[PDB]
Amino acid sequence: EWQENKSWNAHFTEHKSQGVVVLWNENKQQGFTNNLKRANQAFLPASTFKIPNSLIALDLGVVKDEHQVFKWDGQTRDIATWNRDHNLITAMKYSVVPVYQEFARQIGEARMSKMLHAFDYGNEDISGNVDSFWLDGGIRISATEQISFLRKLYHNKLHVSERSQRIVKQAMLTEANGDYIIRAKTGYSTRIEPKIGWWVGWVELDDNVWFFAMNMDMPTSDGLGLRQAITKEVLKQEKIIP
């Protein structure tokens, strides 16, 4: 059911890094990773938490739809793309933390905790500040746990409406061409050691879906592009994409 291929470590060590890639073949119900241990180590989700946060905000009516505009609060931040109005689509595309921080305040501790428990999401622990726990609080999730959660979302099996799940999968759209569709979300965790980058999602093919979750050491922001680049290299090596 699970195969470990330690030779895949070269994808990371060739960049003087370390990490884990986890792949799941939905048709064959088989998993693959370079490192079974790190596949099951729990890290802060950071901006990958925008997936469950979006679902909860939609299902409770905090967010009406993917067109609702969340106005910039006029506070100049160091990420230029954050100093503008957003909707759900652009907020997920540019990982706009302050928009999702307001979602979390409106959701509130009680409803956030119950919903993460309903999702079986990570360690389901929101200890910390309700507007920052996915960045520096107690919540943790592993790469294998990300895949379990994503599989439920793909199949509309989470305990929110079908509509909420369809909208979030639309907002996850990252790449599409004649060969495949990728729906995914990046993450970048710097407030608690070890600093890591994430990329989680799946690849839609004509007759199969491959789920993936990866994290890697990220001592500086200079390496953030390696999250997608390495993952796609693995997908190409394994003949999942051309």
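Here, rigid core means the biggest group of C-alpha atoms that superpose within 1.5 Å across both forms. So that there is no doubt, residue numbering starts at 1 and follows the sequence shown.
A.B. asks: Of the stretches 6-14 and 221-229, which sits farther from where it is here in 7 other deposited structures of this protein, on average over its Cα atoms, after fitting the core?
C.D. replies: Larger mean C-alpha displacement, comparing 6-14 and 221-229 in 7 other deposited structures of this protein, is found in 6-14.
A.B. asks: Quick one: higher average CA temperature factor, 122-130 or 82-90?
C.D. replies: It is 122-130.
A.B. asks: Pick between 46-54 and 27-35: the one whose mean CA B-factor in the entry is higher.
C.D. replies: Taking the mean B-factor of the alpha carbons in each, 27-35 is higher.
A.B. asks: Place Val234 in the lowest, middle or highest third of its chain's C-alpha B-factors, as listed in the PDB entry.
C.D. replies: CA B-factor rank for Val234: middle third.
A.B. asks: Pull the Cα B-factor of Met115 out of the PDB entry and bin it into the chain's lowest, middle or highest third.
C.D. replies: Its C-alpha B-factor, which the entry lists for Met115, ranks in the highest third among residues of this chain.
A.B. asks: Thinking about Cα B factors across the chain, which third does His11 belong to?
C.D. replies: For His11, the deposited C-alpha B-factor lands in the middle third.
A.B. asks: Among the modelled residues of its chain, does the C-alpha B-factor of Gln106 lie in the lowest, middle or highest third?
C.D. replies: Highest third, going by the recorded CA B-factors of the chain.
A.B. asks: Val63: which third of its chain by C-alpha temperature factor?
C.D. replies: It belongs to the middle third of the chain when residues are ordered by C-alpha B-factor.
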